[PDB]
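Since the structure comes first, as structure tokens, the remarks are kept for the end.
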Amino acid sequence: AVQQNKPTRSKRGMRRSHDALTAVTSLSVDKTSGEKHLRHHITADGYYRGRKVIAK
Amino acid sequence: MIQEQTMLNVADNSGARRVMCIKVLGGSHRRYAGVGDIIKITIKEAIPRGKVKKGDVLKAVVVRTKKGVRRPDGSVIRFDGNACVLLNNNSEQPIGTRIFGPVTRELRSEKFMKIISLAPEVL
Amino acid sequence: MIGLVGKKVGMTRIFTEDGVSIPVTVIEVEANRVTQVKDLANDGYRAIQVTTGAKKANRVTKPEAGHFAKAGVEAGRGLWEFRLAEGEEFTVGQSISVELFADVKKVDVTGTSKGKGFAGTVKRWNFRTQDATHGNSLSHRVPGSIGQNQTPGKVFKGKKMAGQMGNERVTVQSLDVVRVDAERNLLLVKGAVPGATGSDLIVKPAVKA
Amino acid sequence: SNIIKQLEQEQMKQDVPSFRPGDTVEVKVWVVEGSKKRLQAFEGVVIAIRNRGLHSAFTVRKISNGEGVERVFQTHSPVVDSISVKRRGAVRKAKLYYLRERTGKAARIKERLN
Amino acid sequence: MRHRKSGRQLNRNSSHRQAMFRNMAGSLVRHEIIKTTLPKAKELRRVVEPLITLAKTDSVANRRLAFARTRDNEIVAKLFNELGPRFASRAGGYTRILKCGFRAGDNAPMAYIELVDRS
RNA sequence: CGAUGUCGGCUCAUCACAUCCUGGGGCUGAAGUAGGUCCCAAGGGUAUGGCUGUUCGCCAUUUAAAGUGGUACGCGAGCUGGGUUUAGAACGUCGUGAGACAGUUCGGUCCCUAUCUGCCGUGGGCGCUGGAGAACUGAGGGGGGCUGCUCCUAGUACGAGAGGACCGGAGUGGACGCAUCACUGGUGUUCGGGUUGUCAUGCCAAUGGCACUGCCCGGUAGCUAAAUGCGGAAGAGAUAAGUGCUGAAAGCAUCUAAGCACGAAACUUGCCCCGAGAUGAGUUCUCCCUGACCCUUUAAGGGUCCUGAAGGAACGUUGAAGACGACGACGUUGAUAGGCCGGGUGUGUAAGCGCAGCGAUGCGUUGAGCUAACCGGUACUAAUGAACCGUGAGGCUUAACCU
RNA sequence: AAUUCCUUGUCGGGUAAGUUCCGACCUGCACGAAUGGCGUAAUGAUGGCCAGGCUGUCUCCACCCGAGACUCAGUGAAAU
RNA sequence: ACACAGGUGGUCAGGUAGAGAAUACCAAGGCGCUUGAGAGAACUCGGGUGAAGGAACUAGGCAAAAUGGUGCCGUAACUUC
RNA sequence: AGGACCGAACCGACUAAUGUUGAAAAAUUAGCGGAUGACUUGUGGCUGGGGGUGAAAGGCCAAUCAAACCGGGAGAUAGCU
């Protein structure tokens with residue numbers, strides 16, 4: 001239930017070695033407005049795949 | 001599907017009215033008993049002047065179970081109650097001279113020819 | 001003797017005129033086209049490698065496309081291998097159909113079993129549950145003890161514990177072949193074979209006779 | 001699938017009479033004792049039907065020799081030679097399981113007129 | 001295991017799910033575009049598209065059925081007078097999901113769901 | 001003694017052979033069936049109940065058998081708390097008494113979110129010497145190995161009879177293990193209906209909310225056992241106890257000293273599964289890359305421009321795959337999921353209208369209406385043109401060919 | 001026997017089988033008459049045994065509904 | 001010790017069903033309990049259902065399951081009536 | 001009429017489960033006992049430590065009871081660690 005010897009900072013780093021986040025590989029460029037956005041998601045202006053899907 | 005502590009009705013006129021299964025014979029660690037397999041029973045209720053008294057220990061063959069039996073075509077025959085026919089402890093032949101209620105085709109063998117001969121209907 | 005690769009269509013029953021209902025599994029065994037023949041001279045053992053079915057032409061990658069192209073055969077949905085018996089020859093472009101099993105009586109069907117996910121000890125190894133009452137505390141389906149007190153101060157290798165059940169290769173041995181329908185590439189085997197509907201199956205002649 | 005449908009419909013029997021729960025049917029089954037085959041009649045009330053194409057079944061319940069007996073027949077089985085509706089009953093359910101706790105006057109089923 | 005099953009539980013009991021989907025379907029057909037989480041949006045289709053399909057043929061029985069599944073007479077009236085003739089030729093698929101990022105409060109993947117011919 | 005929790009039970013075991021059964025054999029005061037004793041053999045199997053807290057024991061009934069032991073008389077950071085073993089109380093006894101009893105009887109808090117080793121699963125990184133996609137070989141490892149009864153041989157051999165075989169063959173079971181939902185069923189709060197109380201939609205009618213899914217009656221797919229298929233083997237090699245052939249030492253005898261043969265569920269294979277991280281990193285098939293230059297510490301060196309392939313990853317729709325990763329299908333040249341159309345299944349004759357009845361209600365339209373996960377189709381919706389990683393012919397020394 | 005160590009004393013009932021229970025017997029280790037003896041209707045969240053109904057308590061577990069466990073985002077302990 | 005599933009005396013007492021201030025659903029009135037979103041593994045908690053058997057479980061029917069209202073018929077030993 | 005019966009508020013805590021670094025230094029859920037009485041409760045007062053009080057458990061006397069708590073003798077003593 002509890003430890004008998006204090007784990008090292010080395011062991012702590014070894015355990016945390018897989019806890020790293022993964023950056024997005026590449027963003028997509030909208031074909032009309034030219035801005036970047038996450039793949040399969042609408043752009044920050046409200047466009048998606050050229051057409052303006054949501055007003056503002 | 002008969003196991004220990006199961007009460008059964010009696011299908012013959014041997015004098016017993018309500019028996020209780022206390023062992024399933026024919027094999028180590030055996031769980032259930034279908035039709036046509038011997039079980040060791042105790043008599044828990046009998047008629048006043050019959051061939052057997054209350055509390056005797058003897059064998060019996062199961063002729064009707066509520067779970068029923070299955071035939072090679074996939075059919076199943078289910079009965080409304082579990083019934084047995086009392087047998088002699090050594091010869092394993094029926095004590096009574098008449099059978100009550102129907103029985104199934106699973107019994108037709110040289111061992112129980114008497115029972116299927118005396119049965120009023122063999123399903 | 002070699003076997004064939006089929007697909008589980010499902011289960012049904014066959015009625016015989018004697019009044020017996022045989023439960024059968026319908027295996028659609030399409031033609032197995034040989035794609036490479038291995039020999040002692042080059043590979044150190046004798047075997048054939050067959051394929052079956054079709055695959056999307058934009059889904060087949062270039063290495064296996066070239067491999068199929070060398071044999072001059074259209075791409076299938078996989079590649080399986082059968083060890084050759086003594087005195088059994090096959091050519092490269094040859095197609096083998098379900099009529100190979102025309103007079104065999106029993107087969108061995110091997111497939112990847114259904115996946116039960118992370119299964120407990122009770123389901124996986126038929127362990128007994130503990131009491132549901134009589135004062136029991138949070139231990140109704142746990143595996144109980146797994147060792148002894150301090151002399152063998154470890155758990156023994158090969159212990160039965162909870163884990164991934166299924167989704168592994170399983171062979172069911174000595175099934176009776178009920179019918180070989182060569183006209184529509186069907187094989188009906190008696191019994192239940194491993195695997196869900198639509199999975200691949202490897203049917204080989206019974207080793208145990 | 002088409003393969004299973006073809007396999008079942010090439011084995012189905014094309015002379016199955018139409019019946020509903022509550023009907024009183026009489027099914028003739030093949031009995032093979034020794035080397036000879038005969039026809040045993042089983043007559044009762046249909047308490048449940050299970051429509052599954054070739055895997056169709058139906059449960060008939062009768063009171064034979066004072067003991068309630070029910071048998072589930074496979075509709076397309078070759079052991080069943082013929083089925084005959086002796087009398088049609090009027091019920092408002094698909095499964096008449098409630099009949100098992102009733103005897104005599106309390107288990108009568110009104111005839112299905114028209 | 002949940003082999004060949006369908007329907008997201010969404011960490012709610014069945015009555016809550018039924019009521020929530022009823023409300024969400026009403027809101028969607030009222031406003032013509034709504035924003036909700038991606039699994040809820042994907043599950044909302046299976047409730048709002050059969051209602052429109054039912055609404056395609058105007059009949060007293062169909063209206064009572066739509067009323068039983070929505071409990072809002074204005075919603076039923078709109079469905080049968082507008083959404084039915086508008087989608088009278090479509091073979092299903094009267095909605096469109098557009099993934100719109102992640103919610104600030106709980107990082108839930110959000111989406112907009114709108115009728116195909118909104119404009 | 002700055003705490004090593006203890007009797008019995010439940011769950012889960014693992015080892016030894018001084019073997020309980022099955023297997024092989026010698027002697028028998030072994031006619032046969034059935035036994036006694038000893039030797040070899042641990043591969044598998046080795047009860048359910050009545051009584052007591054019981055281990056032990058007696059008893060009832062099975063079984064081929066109900067083994068003896070080790071593992072802190074295994075196992076409470078897995079469970080129990082009946083006995084024992086705190087505080088309360090009483091009986092018998094001892095003591096004047098407080099109290100005490102291997103004397104009994106009633107009641108009496110069992111904590112811990114796992115850091116490390118271990119074990120069951122499942123990934124990430126790198127290696128395997130250019131990179132990649134597949135399919136394998138098998139060094140090694142695991143699983144599995146139990147047995148009854150009936151029939152034929154044959155009422156034969158044996159025996160005065162009663163009784164009753166060895167060896168060999170066939171069928172059908174008990175327990176265990178693997179797989180599956182085609183059959184029989186369970187679940188199926190995502191499907192349909194009956195019905196009680198109340199509230200809401202203006203009201204009737206019809207519905208919806210709540211009352212454990214309000215209470216029930218059924219039940220699709222999926223998952224399941226009680227349901228139904230399969231398995232333990234046959235065969236080979238070398239053996240244990242044992243049985244031998246020929247044969248001296250030792251004119252005889254002798255299974256052994258030389259030489260040769262047989263012999264068991266034990267060993268190695270044969271059956272199933274994992275398996276080249278087998279760093280000893282293996283084998284086979286296929287695909288991709290055939291540009292120009294600078295620098296100094298001149299070497300498996302570093303840098304710039306052009307170039308980005310085969311393939312992989314990421315994202316999306318997802319799965320009878322799944323805790324999360326992983327694995328599998330599909331991404332417009334598309335049936336991957338949702339919807340839609342048709343069918344199947346389940347429920348059981350919907351609503352509206354008309355007729356009969358004062359009315360409850362019945363009949364017709366009507367086997368109607370509704371129908372999830374199923375089946376066969378259908379691009380209507382969502383699966384984007386891209387972009388990212390991975391490179392640009394792959395070190396040295398010998399040997400055999402090639403020119 | 002709330003009391004008997006030997007003791008599961010012996011017999012009878014109940015059970016196929018009853019170290020507990022009930023009814024007797026008396027060889028009362030070591031009951032006994034207001035530190036009360038023996039009964040006793042009614043009463044008890046009192047101790048023991050048996051029977052009917054009822055059941056996942058069990059043979060033997062299976063499925064389903066939610067709340068955690070698992071993943072993501074935010075805050076963020078403890079014994080040792 | 002906390003924006004703590006605990007403790008705190010008196011007053012008011014609506015509708016329907018109900019004997020009722022029990023219980024269910026509502027009015028007047030007030031809240032959804034200060035982390036959410038997914039997924040639908042083992043295992044834990046609180047529940048629902050179950051084939052055939054019905055205490056074989058266990059120290060013990062512990063716990064679950066079952067009975068449950070009103071009117072009427074009828075009701076034993078024993079007893080201090 | 002009743003230390004009568006069934007059963008809410010109210011008082012209590014018999015059995016099981018959960019929780020045992022808890023929501024809680026003893027509670028929650030499902031059952032349970034009393035419920036016109038030797039009942040229960042609010043406000044104020046009285047009984048003080050070898051003392052009180054006790055339908056009696058050495059129980060309770062401010063989460064502390066085979067002699068409370070606070071200050072003092074006091075750095076008690078300790079052949080012990």
Side-chain angles (χ1 to χ4, degrees), chain A residues 1-3 7 18 25-26 31 39-40 49, chain B residues 1 3-6 22-23 25 27-31 40 42 57 66-67 70 74 76, chain C residues 11-13 23 36 43 45 49 58 61-64 66-67 79 81 113-115 117-118 120 128-131 133-139 141-146 148-152 154-156 158-159 161-164 167 169-175 190-192 194 196-197 207-208, chain D residues 1 51 55 92 94-95, chain E residues 1-7 9 13-14 37 39 45-46 49 60-61 64 67-68 71 90-93 95-97 105-108:
Chain A
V2 77
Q3 82 207 357
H18 305 284
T25 73
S26 75
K31 77 183 189 176
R39 183 89 168 159
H40 297 121
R49 302 188 59 183
Chain B
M1 196 173 176
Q3 64 194 65
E4 314 209 0
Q5 315 292 311
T6 308
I22 63 167
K23 190 62 61 179
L25 308 182
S28 191
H29 279 285
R30 179 152 183 174
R31 282 97 170 79
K40 172 75 60 146
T42 177
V57 165
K66 203 163 171 197
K67 185 78 195 297
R70 263 161 71 75
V76 62
Chain C
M11 295 205 56
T12 188
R13 58 168 169 194
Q36 185 178 2
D43 311 87
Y45 73 109
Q49 182 188 56
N58 86 323
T61 70
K62 286 192 56 56
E64 48 192 31
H67 179 52
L79 286 175
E81 198 157 338
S113 66
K114 279 188 161 181
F118 202 92
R128 294 199 192 83
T129 56
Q130 308 184 42
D131 291 332
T133 45
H134 291 291
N136 213 49
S137 284
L138 320 167
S139 314
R141 301 176 63 94
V142 306
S145 178
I146 65 170
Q148 299 79 354
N149 189 345
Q150 164 181 345
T151 292
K154 67 171 193 181
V155 183
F156 289 131
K159 188 70 179 61
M161 280 155 158
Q164 161 73 20
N167 201 32
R169 172 192 179 112
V170 169
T171 295
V172 171
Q173 279 188 319
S174 283
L175 299 168
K190 170 192 183 183
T197 314
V207 58
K208 276 179 169 164
Chain D
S1 68
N51 319 290
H55 311 308
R92 296 198 64 193
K95 261 77 170 164
Chain E
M1 67 215 81
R2 45 150 298 287
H3 293 177
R4 318 286 277 183
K5 295 192 189 174
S6 62
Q9 175 183 331
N13 51 56
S14 182
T37 66
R45 296 177 306 180
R46 311 181 65 238
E49 301 201 2
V60 166
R64 289 184 175 188
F67 184 59
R71 301 306 304 195
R90 280 302 184 79
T95 44
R96 151 190 303 125
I97 304 289
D106 50 4
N107 201 62

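Heavy-atom basis, side chains included; hydrogens, waters and symmetry copies ignored. Residue numbers start from 1 in every chain, and the chains themselves are labelled A, B, ... in the order their sequence lines are given, proteins ahead of strands.
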Given the structure, is [N] a Watson-Crick or G-U wobble partner of [M] (both distances under 3.5 Å)?
N	M	answer
G:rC70	H:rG38	yes
F:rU22	F:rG43	yes
F:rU68	F:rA16	yes
F:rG99	F:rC94	yes
G:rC60	I:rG49	no

Pair of N/O donor and acceptor under 3.5 Å linking F:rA72 base with C:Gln150 side chain
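Yes, the side chain and the base share a sub-3.5 Å donor-acceptor pair.
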Is any N or O donor-acceptor pair between the side chain of B:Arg70 and the base of F:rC183 shorter than 3.5 Å?
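When only heavy-atom distances are counted, B:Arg70 does reach the base of F:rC183 through a donor-acceptor pair under 3.5 Å.
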When all nucleic acid strands are considered with a 4.0 Å heavy-atom cut-off, which category describes [X]: base, sugar-phosphate, or nothing?
X	answer
E:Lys5	base
C:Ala162	base
B:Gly74	sugar-phosphate
E:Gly92	base
E:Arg2	base
E:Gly93	base
B:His29	sugar-phosphate

I want to verify a distance call: between [options], whose nearest atom is closest to the [X] side chain?
X	options	answer
C:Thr61	F:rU115, F:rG133, F:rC230	F:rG133
C:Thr171	H:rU44, F:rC230, F:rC272	F:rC272
C:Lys154	F:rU384, F:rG118, F:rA72	F:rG118

Verdict with reasoning, E:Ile97 to E:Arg45, per side chain to side chain contact (heavy atoms under 4.5 Å, CB included)
CA-CA 9 Å; E:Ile97 304 289; E:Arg45 296 177 306 180; 4.0 Å; yes
So which protein N/O to nucleotides 348-352 of chain F N/O distances come out below 3.5 Å?
| from | atom 1 | to | atom 2 | distance (Å) |
| --- | --- | --- | --- | --- |
| F:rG348 | OP1 | D:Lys93 | NZ | 3.0 |
| F:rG348 | OP2 | D:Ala94 | N | 2.8 |
| F:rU349 | OP1 | D:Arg92 | NE | 3.2 |
| F:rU349 | OP1 | D:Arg92 | NH2 | 2.4 |
| F:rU349 | OP2 | D:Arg92 | NE | 3.2 |
| F:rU349 | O4 | D:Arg20 | NH1 | 2.7 |
| F:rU349 | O4 | D:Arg20 | NH2 | 2.9 |
| F:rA351 | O3' | E:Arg64 | NH1 | 2.6 |
| F:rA351 | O2' | E:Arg64 | NH1 | 2.7 |
| F:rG352 | OP1 | E:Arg64 | NH1 | 3.2 |

Rounding to an integer number of Å, can you tell me how far B:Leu25 CG sits from F:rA47 P?
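My rounded result for the distance is 18 Å.
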Taking CD from C:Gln148 and P from F:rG70, how many angstroms apart are they, rounded to a whole number?
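These atoms are roughly 14 Å apart.
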With syn defined as a glycosidic torsion within 90 degrees of 0 and anti otherwise, which applies to F:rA47?
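Classified anti.
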For F:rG232, does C1'-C2'-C3'-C4' say north (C3'-endo side) or south (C2'-endo side)?
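South.
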Please produce a list of atom pairs where a protein N or O lies less than 3.5 Å from an N or O of nucleotides 14-17 of chain G.
| from | atom 1 | to | atom 2 | distance (Å) |
| --- | --- | --- | --- | --- |
| G:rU15 | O3' | B:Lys44 | NZ | 3.0 |
| G:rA16 | OP1 | B:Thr42 | OG1 | 2.6 |
| G:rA16 | OP1 | B:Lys44 | NZ | 3.3 |

Return the nucleotide paired to F:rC327: Watson-Crick means purine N1 to pyrimidine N3 with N6-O4 or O6-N4, wobble means G-U with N1-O2 and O6-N3, both under 3.5 Å.
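Checking every strand shown, F:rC327 finds its partner in F:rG319, with both distances under 3.5 Å.
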